[PDB]
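All Cβ positions, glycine included, derive from the backbone under ideal geometry; neighbour counts span all protein chains shown. Derivation of every value follows stated rules applied to the coordinates shown; laboratory data play no part.
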Number of protein chains: 2
Amino acid sequence: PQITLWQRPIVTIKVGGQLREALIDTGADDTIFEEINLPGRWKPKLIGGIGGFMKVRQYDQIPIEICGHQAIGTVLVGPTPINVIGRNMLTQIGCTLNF
Amino acid sequence: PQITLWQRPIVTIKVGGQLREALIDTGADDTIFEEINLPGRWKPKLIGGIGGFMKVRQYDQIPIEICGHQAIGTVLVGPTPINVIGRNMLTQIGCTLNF
Ligand SMILES: CC(C)CN(C[C@@H](O)[C@H](Cc1cc(F)cc(F)c1)NC(=O)O[C@H]1[C@H]2CO[C@H]3OC[C@@H]1[C@H]3C2)S(=O)(=O)c1ccc2nc(NC3CC3)sc2c1
């Protein structure tokens with residue numbers, strides 16, 4: 001749908017068989033969740049943001065459903081204070097900015 | 001314009017008489033610039049992001065031009081890795097998400 005920005009643009013997602021809420025985040029290259037449990041192998045990665053860097057687990061080729069749309073791609077797991085859907089997934093569901 | 005997300009959604013802005021580039025960032029509540037020089041009084045603020053907290057100067061009622069569109073609002077100044085236009089400004093220029 002269309003989403004305005006008067007509130008945080010939070011949507012419901014399903015990932016790894018679990019239900020979560022996440023912020024649609026055009027300022028994020030990648031997608032990051034806290035407190036989810038994904039199957040399989042992963043690789044450690046350091047990512048940078050406001051206030052410095054944080055250690056995450058990188059999982060590849062993870063299916064995700066984002067407000068009803070299917071995507072597959074890399075998901076980072078680490079201590080973000082809010083779950084974020086980044087451009088690697090947003091491009092797959094046809095998300096654009098408009099003004 | 002409409003902006004797709006295959007690349008970072010960077011736009012040109014004018015703020016405090018200076019020209020900068022900045023990321024349209026729907027995951028940002030506030031607007032944050034590195035190395036601009038704004039006039040007048042400000043107050044210290046700590047903000048949180050990925051990897052922790054950072055100290056910023058808070059300037060209020062600052063005029064900004066975002067991709068040709070006029071807004072006025074709070075601008076935070078501090079050591080962000082990339083300049084970010086947040087929802088406090090995006091709502092003023094009619095920015096929405098669409099998918
Ligand atoms: C984490 C989000 C929930 C918030 N943020 C916005 C995101 O869009 C950032 C933007 C950014 C992009 C960069 F390139 C580098 C950066 F430092 C920052 N994205 C990011 O950190 O991305 C990371 C990771 C994700 O994937 C890749 O892409 C880039 C890298 C990389 C790995 S913010 O900046 O912390 C922010 C902004 C305004 C604001 N106002 C406030 N006000 C009140 C106290 C409520 S709190 C507050 C917080």
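Pick out the one residue from B:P63, B:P39, B:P44 that is assigned to a strand (DSSP E or B), more than 8 Å from chain A (Cβ to nearest Cβ), of a type outside the set (D, E, K, R) and farther than 22 Å from A:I50 by Cα.
On the way: B:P39 fails: assigned to a strand (DSSP E or B); B:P44 fails: farther than 22 Å from A:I50 by Cα.
Within the list B:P63, B:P39, B:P44, the selection yields B:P63.
What are the residue pairs meeting all of these: first residue in segment A:79-99, first residue touching a residue at least 12 places away in the same chain (Cβ under 8 Å) and among the aliphatic types (A, V, I, L, M), second residue in a helix (DSSP H, G or I) and within 13 Å of the ligand (Cβ to nearest atom), Cβ atoms under 9 Å, and 6 or more apart or on different chains?
Partner pairs satisfying both residue conditions: A:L97/B:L90.
Inspect all residues belonging to segment A:7-28 and state whether any of them is away from the ligand (no atom under 11 Å from the Cβ), free of Cβ contacts under 8 Å to residues at least 12 places away in the same chain and either closer than 21 Å to B:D29 by Cβ or within 14 Å of chain B (Cβ to nearest Cβ) (or both).
yes
Restricting to segment B:70-94, what's the tally of residues that are in a loop (DSSP other than H, G, I, E, B), closer than 15 Å to B:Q2 by Cα and either within 14 Å of the ligand (Cβ to nearest atom) or of a type in the set (F, W, Y) (or both)?
0
Just wondering, is there one or more residues in segment B:27-34 that are assigned to a strand (DSSP E or B), farther than 28 Å from A:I66 by Cα and acidic (D, E)?
No: segment B:27-34 contains no residue that is assigned to a strand (DSSP E or B), farther than 28 Å from A:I66 by Cα and acidic (D, E).
Consider A:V56 carefully, then state whether it is facing chain B (nearest Cβ under 10 Å), over 27 Å from B:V77 (Cα atoms) and part of a strand (DSSP E or B).
Taking the combined requirement at face value, the residue satisfies it.
Are any of the residues in segment B:3-13 over 11 Å from the mean Cα position of the chain (by Cα), among the aromatic types (F, W, Y) and surrounded by fewer than 12 Cβ atoms within 10 Å (Cβ to Cβ)?
yes
Touching a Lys or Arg at 6+ places or on another chain (Cβ under 7 Å) and more than 19 Å from B:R8 (Cβ to Cβ): which single residue out of A:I13, A:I62, A:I3 fits that description? Can you show your working first?
On the way: A:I62 fails: touching a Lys or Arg at 6+ places or on another chain (Cβ under 7 Å); A:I3 fails: touching a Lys or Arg at 6+ places or on another chain (Cβ under 7 Å).
When all the criteria are applied, what remains is A:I13.
Taking into account only those residues within segment B:79-93 that are more than 8 Å from every other protein chain (Cβ to nearest Cβ) and among the polar types (S, T, N, Q), which is farthest from the chain's Cα centre (by Cα)?
B:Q92
When you scan segment A:49-59, do you find a residue that is among the basic types (K, R) and more than 11 Å from the ligand (Cβ to nearest atom), even just one?
yes
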